[PDB]
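Trainee: Below is the structure, and that's it, no one-letter string:
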Ligand SMILES: CCCCCCCCO[C@@H]1O[C@H](CO)[C@@H](O)[C@H](O)[C@H]1O
Ligand SMILES: [Mg+2]
């Protein structure tokens, strides 16, 4: 139902779709290929629905954070721009469109929060969060306020909270580790305490939301607000004389706002992928193509360097790019929905006093990572938690020859499935620091254990441990601030030593798994179906 020989494009109604249409006219003129621009209501839900029946637009425009979910569902084609083209766009914008090493869409525009200030009230705005209470007192005297912004949404509070070392999920080469959540930390504790202090100290109010902050700033009641480019036109109207600037630092750390990247993906079901590429690369992403769109509805900052250089002559757009460059690309994966909920309740609870700061952050740090996964992830989480409660770390510390063994560690488990799907193999990386006292070393090694399904009694089936054996060449000693003798030595002992203090525990932990997990896993091993992922 998608027609080969034309392009249908979906973009949101708040974007410059008429300008985009003009880009499409130019395209038809050159190629004779017709381009149709639509802005369906809720396209971000519509696209997965129709595209999963093999229908929908050839190209979809949307914030990058949805595209990770679309890629997982097989809805997006991999894009193949050459390196010279990639040099045309800012590198970090390419990271926003990465999924599993692959490029999954063309970056278009860049947006992040900025500090927006009233030049009549505040000709020289503060560079630090810390200055704000002082300003508020002064301004309270004149019947005004220092700072009002939406506290109801963690999107707005995150720049402060994550300022020092904080993150949503950890990024590795266009892969996010959904087990690794950076919510809780000294920065986040300090950052969030400060925010709560401001409410206790009367500088801000906990009930403040988007509409209250916007009115307050747009009526000239408050000197500063925190908002994005979408907010600008309402201020243009308000006759408030305003600047847009770098967010305040907290403890000398830049605020770290989330970055959205408007992006254009290509439908996996499109018969038109090559034309789509041609349109996006040689027509839309050009000084002329972006200008057309921008003149209709302004794009804010853009991913195209040449055009961004022009737009950045507007200090508001330059400030946007600068805040982006100091900010955190929003993870493009669906687990962000747990993250938003965890952080949203935490900040609201701390602000209301329903929880303390450390408590809200501690729950949120756990809750954001709590999204359930398929069999393989479940198994590996299960065994990790098992070994840890089963006291594996303690066992590590207790191995002898001075020495003092320290910093015992379980590392990310590996999982491999038989090509015939009937067999599982787990890798269990382990580590300790050695101290010769002086002379600190890092010892690491793997255990490989086979996981098996077997019938007994004689009908009933069970999940059983195969051979648990120290992986032969896996032992690695690393110097810290004399091998290979030590290694030579250790290889004669550790391997047999570890397996025999460990394999038994591994075997115990296996049995302590949730029973439905066990049954489910057994079932797919029996029938040789692959639940395990190539990495
Ligand atoms: C208002 C719409 C402007 C968007 C078009 C931007 C530039 C397109 O320019 C086109 O590039 C093609 C190859 O790269 C050439 O084949 C065409 O001759 C040229 O017209
Ligand atoms: Mg860059």
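Mentor: Nice, thanks for sending it over. Numbering: from 1, shown residues only. Ligands and ions are numbered 1, 2, ... in the order given.
Trainee: what are the ranges of the helices in the stretch 201-350 of the chain?
Mentor: 210-218, 232-238, 273-278, 287-296, 305-311, 315-325, 336-352 (DSSP state H, counting those that start in this stretch).
Trainee: Mean neighbour count for the ones you listed - can I get that in JSON lines?
Mentor: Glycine gets a C-beta too; all of them are placed from N, C-alpha and C. Below are these laid out as JSON lines (neighbours: other C-beta atoms under 10 Å):
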{"stretch": "helix 210-218", "mean neighbour count": "18"}
{"stretch": "helix 232-238", "mean neighbour count": "14"}
{"stretch": "helix 273-278", "mean neighbour count": "18"}
{"stretch": "helix 287-296", "mean neighbour count": "18"}
{"stretch": "helix 305-311", "mean neighbour count": "17"}
{"stretch": "helix 315-325", "mean neighbour count": "21"}
{"stretch": "helix 336-352", "mean neighbour count": "20"}
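Trainee: for these, which one sits closest to ligand 1?
Mentor: helix 287-296 (3.9 Å; C-beta to the nearest ligand atom).
Trainee: neighbouring contacts of that closest one?
Mentor: With C-beta atoms under 8 Å, 6 or more residues apart in numbering as the test, helix 287-296 has contacts from 15-20, 22-23, 108, 283-284, 299, 302, 304, 306-307, 310-311.
Trainee: Now with 10 Å, please.
Mentor: Residues outside helix 287-296 that contact it (C-beta atoms under 10 Å, 6 or more residues apart in numbering): 11, 15-27, 108-109, 279-284, 286, 299-300, 302-304, 306-311.
Trainee: hmm, which of those are the buried ones?
Mentor: 11, 15-17, 19-24, 26-27, 108-109, 279-281, 283-284, 286, 299-300, 302-304, 307-308, 311 (16 or more other C-beta atoms under 10 Å).
Trainee: that older thread, now tabulate the helices of the stretch 201-350 of the chain in a markdown table and tack on distance to ligand 1.
Mentor: Formatted as a markdown table, these follow (distance: least, C-beta to the nearest ligand atom, whole Å):
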| stretch | distance to ligand 1 |
| --- | --- |
| helix 210-218 | 34 |
| helix 232-238 | 23 |
| helix 273-278 | 8 |
| helix 287-296 | 4 |
| helix 305-311 | 11 |
| helix 315-325 | 20 |
| helix 336-352 | 34 |
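Trainee: all strands in the stretch 351-500 of the chain, in order from the N-terminus.
Mentor: 404-410, 414-417, 424-435, 440-455, 461-470, 476-479 (DSSP state E, counting those that start in this stretch).
Trainee: Quick check: which of the ones you listed is nearest to residue 7?
Mentor: strand 414-417 (40.6 Å; C-beta to C-beta).
Trainee: and the closest one, how far out from the chain's middle?
Mentor: The chain centroid and the centroid of strand 414-417 are separated by 25 Å under C-alpha atoms, centre = their mean, to the nearest Å.
Trainee: again, but for stretch 326-336
Mentor: Mean-position distance between stretch 326-336 and its chain equals 3 Å (C-alpha atoms, centre = their mean).
Trainee: Ramachandran angles for residue 156?
Mentor: phi -80, psi -30 (degrees, to the nearest 10).
Trainee: Residue 34 too?
Mentor: phi -80, psi 140.
Trainee: check contacts around the closest residue to residue 372 other than its chain neighbours.
Mentor: Among residues not flanking residue 372 along the chain, residue 378 sits closest, at 7.3 Å (C-beta to C-beta, 6 or more residues apart in numbering). The neighbours of residue 378, taking C-beta under 10 Å, 6+ apart as the test, are 372, 513-514, 516-517, 520-521, 531.
Trainee: quick one: residue 378 from ligand 2, how far?
Mentor: 37 Å (C-beta to the ion, to the nearest Å).
Trainee: how far away is that residue from ligand 1?
Mentor: 50 Å (C-beta to the nearest ligand atom, to the nearest Å).
Trainee: can you check residue 186 too?
Mentor: For residue 186 relative to ligand 1 (C-beta to the nearest ligand atom), the value is 50 Å.
Trainee: Quick check on that residue: phi, psi?
Mentor: phi -60, psi -50.
Trainee: Can you report how many residues neighbour it?
Mentor: 11 (other C-beta atoms under 10 Å).
Trainee: For ligand 2, what's its nearest residue on the stretch 301-450 of the chain.
Mentor: Distance from ligand 2 to each residue of the stretch 301-450 of the chain (C-beta to the ion) is smallest for residue 325, at 6.8 Å.
Trainee: got the contact list for residue 17?
Mentor: 9-11, 24, 37-39, 61, 293, 296-297 are the contacts of residue 17 under C-beta under 10 Å, 6+ apart.
Trainee: That one and residue 44, how far apart?
Mentor: Distance, residue 17 to residue 44, using C-beta to C-beta, to the nearest Å: 15 Å.
Trainee: now residue 23
Mentor: Taking C-beta to C-beta, one finds residue 23 at 22 Å from residue 44.
Trainee: With residue 347 instead?
Mentor: Residue 347 is 25 Å from residue 44, by C-beta to C-beta.
Trainee: ok, back up a step: now the contacts of residue 17 in JSON lines, with distance to ligand 2?
Mentor: Below are the contacts of residue 17 laid out as JSON lines (distance: C-beta to the ion, whole Å):
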{"residue": "9", "distance to ligand 2": "27"}
{"residue": "10", "distance to ligand 2": "28"}
{"residue": "11", "distance to ligand 2": "25"}
{"residue": "24", "distance to ligand 2": "29"}
{"residue": "37", "distance to ligand 2": "29"}
{"residue": "38", "distance to ligand 2": "32"}
{"residue": "39", "distance to ligand 2": "30"}
{"residue": "61", "distance to ligand 2": "22"}
{"residue": "293", "distance to ligand 2": "22"}
{"residue": "296", "distance to ligand 2": "27"}
{"residue": "297", "distance to ligand 2": "25"}
